[PDB]
């Protein structure tokens, strides 16, 4: 209809500006599960299509960052795997890490996207240019985000956002070409 075209255009205009995507970890890059053993070892589960999404953004000159409440070494191992250097762990209130990232990169609020699932993500989701909820996000986060993914956290929701941004900016071909050559 007329309304879905308008809304689709307004979303595309937000995504056209994006120079950095920020992700939360648990519930967004993961399914939300914390796997714990009898000895207290911990694991999380990440999805390969999301890891490819982040690598495609970076191949296209779009920066990637993480801001998480998680503190464990699983996060460090995953960030190292993906070559993500801008990341912040143990952040219970996330506003201060966002402001630090903003200073580091020199970007306007509207040049960030942020994808979240729970209440501590809410102020970042409302502040940035493109605030995104995974489909399994808590009710307030689904309510107040600019957009929500079809897929759930850890199942390709972050890839869906990566592809939206690349497509909006006509960088999808650049990204895969650049990725495949490294």
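Residue numbers count along the first chain shown, from 1.
Comparing 82-90 with 108-116, the one whose average Cα B-factor in the PDB entry is higher
Of 82-90 and 108-116, the stretch with the higher C-alpha B-factor average is 82-90.
Of 22-30 and 37-45, which one has the bigger average CA B-factor?
Here the higher of the two C-alpha B-factor means belongs to 37-45.
Grab the CA temperature factor for residue 161 from the record and place it in the lowest, middle or highest third of its chain.
Its C-alpha B-factor belongs to the lowest third of this chain's values.
Where does the C-alpha B-factor of residue 132 rank in its chain, lowest, middle or highest third?
According to the entry, residue 132 has a C-alpha B-factor in the chain's lowest third.
How does the C-alpha B factor of residue 146 compare with the rest of the chain: lowest, middle or highest third?
Its C-alpha B-factor, which the entry lists for residue 146, ranks in the middle third among residues of this chain.
Ranked C-alpha temperature factor of residue 65 among modelled chain residues, by third:
As the PDB entry reports it, the C-alpha B-factor of residue 65 lands in the lowest third of its chain.
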